[PDB]
Every structure is written in C-alpha cells, then in structure tokens.
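Novice: Below is the sequence, then the experimental coordinates.
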Amino acid sequence: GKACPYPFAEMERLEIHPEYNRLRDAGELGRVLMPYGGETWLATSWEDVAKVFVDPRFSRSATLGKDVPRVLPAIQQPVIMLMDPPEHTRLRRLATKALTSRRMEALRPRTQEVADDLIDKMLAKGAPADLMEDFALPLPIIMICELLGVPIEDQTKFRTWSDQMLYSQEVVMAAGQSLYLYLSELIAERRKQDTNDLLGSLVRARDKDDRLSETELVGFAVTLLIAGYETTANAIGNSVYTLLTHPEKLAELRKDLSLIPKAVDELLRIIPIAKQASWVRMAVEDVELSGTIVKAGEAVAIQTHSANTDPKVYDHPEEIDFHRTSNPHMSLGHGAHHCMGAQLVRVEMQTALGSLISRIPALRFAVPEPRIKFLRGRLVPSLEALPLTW
Ligand code: HEM
C-alpha cells in the first residue's frame, strides 16, 4: 500500500484538502487508492488536467460497465460524456446545432423575469428567508423547463418527478420512467408543431443524412435536465455564500455591475465544483503525465480546483480578482467535452447575482457564517440552507 486511501477529503464547507496543492507543487503525478475498484493516478496541475480532457490516448468510452476506480459502488449508461469519436463527435455535433450559444443567450430576457419574480415573493414573505429553497434551487429548473419546451401546465408536475430523482427506489425510478415517457411524449408533439423550441430543433437537426433516433433525442433531452438542475443551484447558492464572505468584493460589484460577467468565471474557478475528484479516465496508450508515465489500462482522475489555482497559469491564484486579463479556468471543462450548458450557466449566474446584489443591497447572513451548515451528502458541495436577512 504505497497509495494513500482517497477517503481523505471532507466537504465541511468550501474547503479543499492540501494534498492537491502539495502534489501539484511537487509530485507531478500522485497515487491514491479509491474505496471501490483499484487505485488510480490523480492529475492536479493545469498542464496535466488540460491534457486528460484533450488527449485521445485517454478513453472514457472504455469505462462503460468496467471495474474502474471510483468513490460510489454503482458501476456506470451510454451518455455524451462517456463517449469518444466517432460516436461522441457525431452525437454532440448534431445536438450543438439545436443547443447553440445564440438560443441560450436569447433565454436572458425570460431569466430576468424569473429572478425578479423570485426575490419578489422572497421579499414579500419577510426576512429571515433561505435562498437555496426560496430562490436558488428553483431558478434553474424553471429555466431548464423553458429551454426544452415543458408547457406551463406540466411545469409543477415536472418538479414532482425531477426532484423525486434526489428517497426510495420505488419512487426515484418511478420518477425515472415517469420522466423518460413524459419527455419522449413531449418530443413527439414538437415533431407535430415544428417549433422554434430546443426539442423542436433537435428533431430538425441533421448532418448530411444523419439524425438523432428516439433514444438519442430523449437521451440527450433527459441529460440536459440532470446536468442543469442540481449544479446551477449549487453554482449560485455557494457563489453567494462566497461573495458574502468577501464584502470587500460585493461593494466592488454592487457599486459597479459591468464586472458581473468577469466575476462569474472568477467565482467559478475559485470554488470547488466537487468534494471528490473526477470520473477516472483510462489510458488506451502509454502517456507521460506530469512527470510520471501512465501505463495503458492504468487510470487517472482530474481535480479542477488545483488546475484552476495553478500558480503556473494564475498569478495571485488564491486571491479573487474581477479584472483578470484572461481566465482559462477548467470549472466548465476543456476540449470537445466543453460544457454545452456553458452559455446558459453564464446568463443564469450573471442575472441571478446581477439581480440579488442590487434588488437587495443590505442582503447579509441571518446567522453567524460559521453556523451556516453544508450537506453531509456527496458528489458536489451543497448548502443545507443559506439563511439571509435584509
Ligand atoms: C445549466 C445547464 C447545463 C447543461 C444543460 C449542461 C450540460 C452539459 C453537457 C451535456 C456536458 C457534456 C458535454 C459533452 O460531453 O458533449 C457538460 C459538461 C460539463 N458541465 Fe455542464 N451543463 C450545464 C451546467 C453546468 C454547470 C452549472 C456546471 C458547473 C460546474 C457544469 C459543469 C460541467 C463540466 C465541468 C463539464 C465537463 C464535461 C466533461 O469533460 O466530463 N455544467 N455539461
């Protein structure tokens, strides 16, 4: 047992274990033992982490139903993000035609209404309130629903199931099938009314004579929903808790808002998007990675935080600066698996702070900052409550 047990981290708050920044600033490649599957390499530098996303000598296809190192015991499922060419660069090519940077910016108007909408009842109801449930937690579902085309009537019955996928199996997989068949149904309707919708234009999207089949269509559909619900809530709620930890940095925004774009990529990079590392990638060829030489069939996991705070790429890398002349962060990913939610995450977080920071200037923690509790759950860090007062 050269390799330390990965059960080493803790998601107490938005803290990261020091190993990541010792390994980066010394041992190119570090080795740790995952509780399930074997042991695995741990890339931590900007250099290596960038590579693990982009190097075709790193298959993620070759993880479908394999005994690979991991943190969960569930063995993952043919998804856009466990594919590789030519299947991935075909699926994603067809989808990106419907899920354009245009369509997602055109959502900004609606997204305004919805933030305004939420602080409105949130203000109306009286302080103290709790932003996770009260405003950040729904904003992104209401925005995902609008994107796909989920009609107003079915909207509150969508949240029914979409939140039944967290607490049993005879209700989550009920909620599974209940949402598969609901979406497959809804797509059928967009083929009838060939809309200016996203489900509308995924059908109508064709590369030469290629098209998405019922199970690629529904499969892609459902994947947005899971990608964009729980991680846009947590992008927001945390980013606030952080912004509120640096009042220095609020006033700079509050009494200036031309920086909302630049401050979001900033607030992303600085904040860990997960409590553990990533979904271990598999070397299909021998590739020297950050000094050490990953043998083919050997596994490696990317930590983004350490990449995003690499003193080799970021000057003053642990201070928050909204004036950074350039921000090549990894929080939203790199290469041909660039987050396709990207444009929407930016227009959501911008206008969500864009609003809150103005519409509630004197918005402050209700309870001592130390006393705010985080979920002892898993995957990415979540806020039990974000109790605020005004
Ligand atoms: C709001 C709607 C969102 C949608 C619809 C969405 C969808 C996706 C999809 C489909 C991918 C995989 C792309 C591919 O392999 O072809 C992706 C990647 C990614 N998304 Fe999102 N996303 C969203 C928001 C976010 C947010 C808020 C975060 C916050 C951290 C995030 C983090 C990531 C990361 C890190 C990747 C890297 C993919 C990889 O290399 O494995 N996404 N997103």
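Specialist: Yes, it's here. Numbers count the residues shown, from 1 in each chain.

Novice: I'd say residue 263 and residue 322 touch.
Specialist: Yes: using Cβ atoms under 8 Å, residue 263 is in contact with residue 322, at 4.4 Å. Heads up, the C-betas are built off the backbone N, CA and C, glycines and all.

Novice: ok, now which ones touch the residue of the stretch 151-300 of the chain found nearest the ligand?
Specialist: At 2.7 Å from the ligand, residue 228 is the closest residue in the stretch 151-300 of the chain, using Cβ to the nearest ligand atom. Residues near residue 228 by Cβ atoms under 8 Å, 6 or more residues apart in numbering: 140, 143-144, 147, 341, 344.

Novice: Can you pull the phi and psi angles for it?
Specialist: Main-chain torsions, residue 228, degrees, to the nearest 10: phi -100, psi -10.

Novice: Residue 204 versus the residue lying closest to it once chain neighbours are set aside, what's the distance?
Specialist: Counting by Cβ to Cβ, 6 or more residues apart in numbering, the nearest residue to residue 228 once its immediate chain neighbours are dropped is residue 144, at 4.7 Å. Here residue 144 is placed at a distance of 21 Å from residue 204 (Cβ to Cβ, to the nearest Å).

Novice: Which one of these two is surrounded by more residues?
Specialist: residue 144 (22 against 14; other Cβ atoms under 10 Å).

Novice: Tell me if the more buried one really is in a helix.
Specialist: Yes: assigned with DSSP: H, G, I helix; E, B strand; the rest coil, residue 144 falls within a helix.

Novice: any shared contact partners between residue 263 and residue 322?
Specialist: By Cβ under 8 Å, 6+ apart, the residues touching both residue 263 and residue 322 are 249, 253.

Novice: what's in contact with the one helix or strand residue 307 maps to?
Specialist: Assigned by DSSP states H and E, residue 307 belongs to helix 304-308. Helix 304-308 is contacted by residues 16, 20-21, 23-24, 44-46, 49-50, 269-270, 272-274, 278, 313-314, 329-331 when judged by Cβ under 8 Å, 6+ apart.

Novice: And stretch 180-191, by the same measure?
Specialist: 148-151, 154, 158, 161, 197, 199-200, 202-203, 214, 217-218, 221-222, 225.

Novice: From the residues you listed, list just the buried residues.
Specialist: Neighbour counting with 16 or more other Cβ atoms under 10 Å marks 148-150, 158, 161, 197, 199-200, 202-203, 217-218, 221-222, 225 as buried within those.

Novice: the strands in this structure, which residues?
Specialist: 4-5, 30-33, 39-43, 58-59, 129-130, 281-283, 287-289, 292-294, 299-302, 364-365, 387-389 (DSSP state E).

Novice: Quick one: distance of the last one to the chain centre.
Specialist: Spelled out, that is strand 387-389. Chain-centre distance of strand 387-389: 25 Å, with Cα atoms, centre = their mean, to the nearest Å.

Novice: who does it touch, helix- and strand-wise?
Specialist: Where contact means 3 or more Cβ pairs under 8 Å, 6 or more residues apart in numbering; DSSP states H and E, strand 387-389 is packed against strand 129-130, strand 364-365.

Novice: and among those, the most buried is which?
Specialist: Burial of the helices and strands packed on strand 387-389 is given as mean neighbour count (mean count of other Cβ atoms under 10 Å); strand 129-130 ranks first at a mean of 20.

Novice: The protein against the ligand: which residues are in contact?
Specialist: Neighbours of the ligand within the chain, by Cβ under 6 Å from any ligand atom: 53, 80-81, 92, 223-224, 227-228, 231-232, 235, 273, 331-333, 337, 339-341, 344-345.

Novice: Buried among these? Make that a ChimeraX selection.
Specialist: Entered in ChimeraX, the line below selects the buried ones among these, by 16+ other Cβ under 10 Å:
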select :53,80,92,224,227,228,231,232,235,273,331,332,333,337,339,340,341,344,345
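
Novice: Among the residues of the chain next to the ligand, name the ones in helices.
Specialist: 53, 92, 223-224, 227-228, 231-232, 235, 344-345 (DSSP state H).
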